[PDB]
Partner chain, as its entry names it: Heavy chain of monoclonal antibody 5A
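As a starting point, one isolated chain is supplied in structure tokens, in the form solved without the partner chain.
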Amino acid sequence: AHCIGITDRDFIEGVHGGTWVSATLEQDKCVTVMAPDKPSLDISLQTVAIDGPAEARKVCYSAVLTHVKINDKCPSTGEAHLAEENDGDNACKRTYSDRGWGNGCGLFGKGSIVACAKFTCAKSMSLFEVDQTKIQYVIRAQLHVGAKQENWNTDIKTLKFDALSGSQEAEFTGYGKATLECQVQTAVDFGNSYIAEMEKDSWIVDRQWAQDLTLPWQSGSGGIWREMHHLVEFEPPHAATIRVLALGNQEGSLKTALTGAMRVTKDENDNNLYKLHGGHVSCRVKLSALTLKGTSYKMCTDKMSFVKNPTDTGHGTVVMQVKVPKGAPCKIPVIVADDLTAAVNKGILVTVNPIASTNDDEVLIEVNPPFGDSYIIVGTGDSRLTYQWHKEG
């Protein structure tokens, strides 16, 4: 909805003594449901999302080190100690340096040595937990009633589904209502998944993969960086010195490891929602309460015009925009015929029974013409609009 603007589009016809029509809605796709003596119904999968997930952890991939302190003791003089050893925001390591007269000691041998450094995570990845019972999914539902493309967004009904809302109605005034009984298949995940976020990017990742990461992590909710040694490297001691270095930025390596994982985006307006770039919806569509309006309205006889010529949609259909100048409440007659003389229509009309509601209005018509050469005819009498069309595919 509207399916004309969407490239990947499927037309579905049901038996018309058919009440339900099952259809599947995939991402970036759309479905036009057509039923005889019934208005056409565009449905499309808008979003499959997760509403405000619990941030479980943070995983540092960029860390800097400051205030490197070291305490050293000569052989047989005892075990070394630093005060920062009693501080969580410091990474420390304990070793033994080869010491003697060369480096200011009394005895030759192993001297205890400790090195500490202040750990600051510059950049981290957030890991959110995912509950299956948090999934909302959205379906656009719209009727073919001759609305101009500029009026599509305002005419679209947005149907939101939960683990509780699984049968939604779509009410189109004057045309009744349609009932969607839908069900989300979000591919896989859950009982073994995280929402991993790096700034603006987000993915669905495996929990065991994320917990086996050779990177420092942090809780909710704050606290301390766990396993800080994954980004801290202590070079072997020399006399009374130890070089402490932070490892390189692991952004690119992580992102490389995240190729193939399902993408996720957080949205900016407005709720912290996590839209999945996957999954699909299986719906049951009830069309019985859809009534074809133009329930009355004489048909407009007066000379009309093509505001927008018949154009190929790429869907095997054609779209037109016709203006009705002297047509106070009108019905637009539209036929597609093998030739002008034989008025035998063979075009299946998508915009079923089009209406010009107001004095001087412009209506959008969509028709599915037969293969080969044909004639798109709009109106009757001498002011019949004709437009020759060809179909290939």
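Positions refer to the first chain, counted from 1.
The same protein also exists as the form solved in complex with the partner chain; that form is not shown, yet it is the one meant from here on.
Contact with the partner chain in the bound PDB entry, defined as a heavy atom within 4.5 Å, holds for exactly one of 276, 300, 232, 74, namely 74. A heavy atom within 4.5 Å of the partner chain in the bound PDB entry is found for exactly one of 34, 65, 31, 60: 65. Residue 242 belongs to the set of residues with a heavy atom inside 4.5 Å of the partner chain in the bound PDB entry. Among heavy atoms of residue 99, some come within 4.5 Å of the partner chain in the bound PDB entry. Within 4.5 Å of any heavy atom of the partner chain in the bound PDB entry lies no heavy atom of residue 305. When contacts are judged by a 4.5 Å heavy atom cut-off, residue 151 does not count as touching the partner chain in the bound PDB entry.
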